[PDB]
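**Student:** This structure is in structure tokens; I'll ask about it shortly.
Reconstructed Cβ throughout: ideal geometry from the backbone, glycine too, with neighbour counts over all protein chains shown. Bear in mind that the values in this text are calculations on the coordinates, not laboratory data.
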Amino acid sequence: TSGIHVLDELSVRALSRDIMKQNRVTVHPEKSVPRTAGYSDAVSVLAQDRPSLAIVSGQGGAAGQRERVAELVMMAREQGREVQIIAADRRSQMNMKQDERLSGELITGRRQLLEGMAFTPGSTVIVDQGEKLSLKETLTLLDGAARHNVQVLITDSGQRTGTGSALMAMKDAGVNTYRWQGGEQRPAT
């Protein structure tokens, strides 16, 4: 009875549909209405809940959009929790830059990537990406961490014409929850 306001995905389901309503918003190029905050408010609220997992599409602004989702990472900075986040194909340049918080403090990126050991899965992951090649590689490693306290918050920059197709794209990255184990044992199949 109590604790029924938020469920495993009921909260995420409602905000995903409203965000898509602006994803294909009836906007004319003669007077395109900018609204980056439209999916910033819908998606940011879902992280305050618990299960971080939604869809977002950008209309204009590429450099400010990558730093914007990183503002969400600050909300985790105060909560004593680091998070792994990847921008579109522009993330490579961000690695040289973006030293205000992602210099190397995600969470299990220490021994699991360099020596084979495992790190306490308990981070939050959000991957904003126009290209889908970035979404699939991030998804494979994230699968192990998602078993514990992790989640996928992502945006996109190529769903303006096809958004539902992008959802299957992430699923094709190897992520598959069976019953006793997910796709953690499927590094490439």
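**Student:** Explain nothing, just the number: relative contact order of the chain, from Cα pairs under 8 Å at least 6 residues apart, as a whole percent.
**Tutor:** Here the relative contact order equals 21 percent.
**Student:** Further, regarding this structure: Roughly how many Å is it from the Cα centre of the stretch 32-85 to that of the stretch 113-175, as a whole number?
**Tutor:** 15 Å
**Student:** Name the residue, out of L133, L106, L114, whose mean-square fluctuation peaks in a Gaussian network model built on the chain with Cα pairs under 10 Å.
**Tutor:** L114
**Student:** Can I ask one more? Which trypsin sites (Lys or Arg not before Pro) in the stretch 93-186 pass both tests, a DSSP loop state and at most 13 other beta-carbon atoms within 10 Å?
**Tutor:** Filter output for the stretch 93-186: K97, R110, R111, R147, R160, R179.
**Student:** Sticking with this structure for a sec: Taking only DSSP H segments of four or more residues, each worth -39500 (n - 2.57), what value at 222 nm results for the chain once the sum is divided by all its residues, to the nearest 500 deg cm²/dmol?
**Tutor:** Rounded to the nearest 500, it is -12000 deg cm²/dmol.
**Student:** Let me know the shape class of the stretch 20-98, please: from the alpha-carbon gyration tensor, a ≥ b ≥ c as square roots of the eigenvalues, rounded when a/c is under 1.5, otherwise prolate if a/b is greater than b/c, or oblate.
**Tutor:** oblate
**Student:** Further question: Just name one of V127, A70, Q112: the one whose Cα is farthest towards the positive end of the charge dipole of the chain (beta-carbon charges, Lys/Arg +1, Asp/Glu -1).
**Tutor:** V127
**Student:** Oh, and also: Where the Cα atoms of the chain are projected onto their three principal axes, how long is each span, largest first, in whole Å?
**Tutor:** Ordered largest first, the chain gives principal extents of 55, 49, 37 Å.
**Student:** Given +1 on the Cβ of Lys and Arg, -1 on the Cβ of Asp and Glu, and no further charges, what dipole in debye does the stretch 10-151 carry about its Cα centre, rounded to the nearest 20?
**Tutor:** 320 debye
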